[PDB]
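Engineer: Protein chains in written order, with PDB author numbering: chain A, -4 to 231; chain A', -4 to 231; chain P, 43 to 51; chain P', 43 to 51. A prime marks a further copy of an entry chain. Just so you know, even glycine gets a beta-carbon here, dropped at the ideal spot from N, CA and C.
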Ligand SMILES: Cc1ccc([N+](=O)O)c(OC(=O)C2CCC2)c1
Ligand SMILES: Cc1ccc([N+](=O)O)c(OC(=O)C2CCC2)c1
Ligand SMILES: [Cl-]
Ligand SMILES: [Cl-]
């Protein structure tokens, strides 16, 4: 409750201002404070939470990849010893990234998921849970890499099961969940065939449902379908 | 001395890694730690210090401008009352920006400027002092706006006096100092004619000295001359 | 391979 | 009106 003295509505207003100012760390802190008020989040508020943390962890992941690449080049044949600094700094960034992922997972566990009864909210939060375990898996190397991977898979799978029962195949959350689960298969689980099959089946089932949509919904769905197609083009 | 336990050379190495990772807050903290070791900075190290803080304060200034624009629109005829949140958040960002400027000015005063005897280092630090007072002036409104403006002017003027005596007119630090002092005149001091005269005279004196330069130095100097020309095109 | 960018509300 | 960008070493 570092934001404990601020009104819920003011935290949401400030999160929107922080987004406009591209102050994503602030945005995430405001949205964490809003979640900790204990009320469920509306559709727009869930999007604000997700956008905030995706930007924060996205910057950390990009930095981790830069540093990991420098570190791997230093541990090659013919490389001059550079001292412990590259590893130490990569570790610092890695720990910070893990801390953000743990914070998001903690919000989902206390108590966003358990109070989420509608399909749109439950699928949204379970997709988030899969995504943040996936980010943990990207940097994992020790006794728990397998368990982290299984936690991501389990969250995505529960979200997929709900989305297939409760949402049309063009629903943008269902589409983005399938996109990200396919990326999990390709990049984390060493299952490129499963990634390709999921992306193809998702795209084809969405295509067959586009006729039911308004112009605005058609634009929303086809945008994500193009991302599935982009991945299929890279993978095949 | 939060970086007090890290070797000076390791702080510099980590500042370079932070730049590659686009972690500019980290970069600034590493360079602050390096300055606090108490030794003078080399040319490359001064550039690292300046790049780090310019990125940090640049992000803050961009955010402050976004929020200040929203706030000014809210305080207009026909605007619905939005509550104190826009002002409160602009104030938070403003205070953070002022804190970074005060930190940089404190490093320059303790004790970078007093130990800087060569023209290249002294001009560099005095230009920095003018720049960070200029950033303070951009947000100032109270009893000290005039004094902040005069502090920027005084620092730039001392740097100009040294640079004119000790550096050729194509020297990139001399050119960038003149560029930024001209921006000070135009944007802060309400002296557009002085800004234009300074930019013109600086450009013309550099042009006449280009014949003395190597190909690499010619590229360095003409790049900054183009920035002077860009401003003159906007101002005339 | 791209996941949902998801960085703009 | 632009000052020195100065954001890349
Ligand atoms: C997981 C997911 C799937 C589809 C989305 N979509 O665009 O519809 C989506 O949202 C965004 O991409 C950003 C705009 C608000 C967050 C997120
Ligand atoms: C005040 C000033 C003037 C000229 C510069 N110049 O480019 O030569 C300069 O340096 C940069 O623009 C960045 C590259 C290192 C920092 C800074
Ligand atoms: Cl470190
Ligand atoms: Cl605030």
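How should residue 38 (chain A') be labelled, buried or exposed, when 16 other C-beta atoms within 10 angstroms of its C-beta is the threshold for buried?
Structural biologist: Within the second chain, the letter at position 43 stands for residue 38 (chain A'). Burial call: exposed.
Engineer: Determine the chain A' residues that contact residue 80 (chain A) at a beta-carbon separation under 8 Å, and present them in chain order.
Structural biologist: To locate residue 80 (chain A), count along the first chain from 1; it is residue 85. Correct list: 5, 8, 9 and 12.
Engineer: For the stretch 58 to 71 of chain A against the stretch 135 to 153 of chain A, do three or more pairs of beta-carbon atoms, one drawn from each stretch, fall closer than 8 Å, so that the two count as touching?
Structural biologist: No, because fewer than three Cβ pairs between the stretch 58 to 71 of chain A and the stretch 135 to 153 of chain A fall closer than 8 Å, the two stretches do not touch.
Engineer: For a contact meaning CB atoms closer than 8 Å, what does residue 185 (chain A') contact in chain P'?
Structural biologist: Residue 185 (chain A') sits at position 190 when you count from the first residue of the second chain. Under the 8 Å cutoff, chain P' gives no residues; its nearest Cβ is about 13 Å from residue 185 (chain A').
Engineer: Residue 181 (chain A') lies in the alpha helix (DSSP H); which residues open and close that run?
Structural biologist: Working through the second chain from its first residue, we reach residue 181 (chain A') at position 186. No alpha helix (DSSP H) holds residue 181 (chain A'); DSSP gives it neither H nor E.
Engineer: Just tell me which of A:217, A:186 and A:184 has its CA closest to the CA of residue 199 (chain A).
Structural biologist: Indexing the first chain from 1 puts residue 199 (chain A) at position 204. Nearest option by C-alpha distance: A:217.
Engineer: As a quick exercise: from A:212, A:132 and A:224, pick the residue whose alpha carbon is nearest that of residue 174 (chain A).
Structural biologist: Sequence index remark: in the first chain, residue 174 (chain A) carries index 179 (1-based). When each option's Cα is compared against that of residue 174 (chain A), the closest is A:224.
Engineer: So that I know if they touch, is there some Cβ in chain A lying closer than 8 Å to that of residue 56 (chain A')?
Structural biologist: For the purposes of this step, residue 56 (chain A') is identified with residue 61 of the second chain, where counting begins at 1. Answer no: the Cβ-Cβ gap between residue 56 (chain A') and chain A never drops below 8 Å.
Engineer: At 7 Å on the CB atoms, spell out the chain A' contacts of residue 61 (chain A), in chain order.
Structural biologist: Residue 61 (chain A) sits at position 66 when you count from the first residue of the first chain. Near residue 61 (chain A) (Cβ distances below 7 Å), the residues of chain A' are 15 and 16.
Engineer: Touch check for the stretch 22 to 36 of chain A and the stretch 99 to 117 of chain A: three-plus C-beta pairs under 8 Å?
Structural biologist: Touching, yes, given that three or more Cβ pairs across the two stretches are closer than 8 Å.
Engineer: Looking at the secondary structure, which residues open and close the alpha helix (DSSP H) in which residue 69 (chain A) lies?
Structural biologist: On the first chain, position 74 is the one that residue 69 (chain A) refers to. Element bounds for residue 69 (chain A): 38 to 69.
Engineer: Indicate the three-state DSSP secondary structure (helix, strand or coil) for residue 137 (chain A') in the structure shown.
Structural biologist: Sequence index remark: in the second chain, residue 137 (chain A') carries index 142 (1-based). Residue state, collapsed to three classes: coil.
Engineer: Note down, in chain order, every chain A' residue with its Cβ under 7 Å from the Cβ of residue 84 (chain A).
Structural biologist: Against the first chain, residue 84 (chain A) aligns to sequence position 89. Within chain A', the residues near residue 84 (chain A) are 9 and 12.
Engineer: According to DSSP, is residue 51 (chain P') part of a helix, a strand, or is it coil?
Structural biologist: Within the fourth chain, residue 51 (chain P') is the residue found at index 9, counting from 1. Three-state result, residue 51 (chain P'): coil.
Engineer: Measuring straight from C-alpha to C-alpha, what distance separates residue 20 (chain A) and residue 24 (chain A')?
Structural biologist: Counting from 1 along the first chain, the entry for residue 20 (chain A) is found at position 25. Counting from 1 along the second chain, the entry for residue 24 (chain A') is found at position 29. Between residue 20 (chain A) and residue 24 (chain A'), the C-alpha separation is close to 18 Å.
Engineer: Does any residue of chain P bring its CB to less than 8 Å from the CB of residue 45 (chain A)?
Structural biologist: One-based indexing of the first chain puts residue 45 (chain A) at position 50. Cβ-Cβ to chain P under 8 Å: yes for residue 45 (chain A).
Engineer: Can you find a heavy atom of ligand 3 that lies under 7 Å from the Cβ of residue 234 (chain A)?
Structural biologist: Because residue 234 (chain A) is not part of the residues shown, which for chain A are -4 to 231, the question remains open.
Engineer: Beta-carbon of residue 181 (chain A) versus every beta-carbon of chain P: anything under 8 Å?
Structural biologist: Position 186 of the first chain, counted from the start, is the residue given in the question as residue 181 (chain A). Interface residue, yes.
Engineer: For chain A', is any of its Cβ atoms less than 8 Å away from the one on residue 65 (chain A)?
Structural biologist: Sequence index remark: in the first chain, residue 65 (chain A) carries index 70 (1-based). True, the Cβ-Cβ gap to chain A' drops below 8 Å.
Engineer: By the criterion of Cβ-Cβ separation under 8 Å, what are the contact partners of residue 178 (chain A') in chain P'?
Structural biologist: Here residue 178 (chain A') refers to the residue found at position 183 when the second chain is read from its first residue. 43, 44 and 45, listed in chain order.
Engineer: Determine whether the beta carbon atoms of residue 55 (chain A') and residue 92 (chain A') lie at a separation below 8 Å.
Structural biologist: By 1-based counting over the second chain, the position of residue 55 (chain A') is 60. By 1-based counting over the second chain, the position of residue 92 (chain A') is 97. For residue 55 (chain A') and residue 92 (chain A'), yes; Cβs fall inside 8 Å.
Engineer: Grouping DSSP H, G and I as helix and E and B as strand, with all else coil, what is residue 167 (chain A)?
Structural biologist: Reading the first chain from its first residue, position 172 is the one you call residue 167 (chain A). In this structure, residue 167 (chain A) counts as helix in the three-state DSSP scheme.
Engineer: In the DSSP assignment, find the unbroken alpha helix (DSSP H) run with residue 228 (chain A) in it and report its ends.
Structural biologist: The residue labelled residue 228 (chain A) in the question sits at position 233 within the first chain. Element bounds for residue 228 (chain A): 210 to 230.
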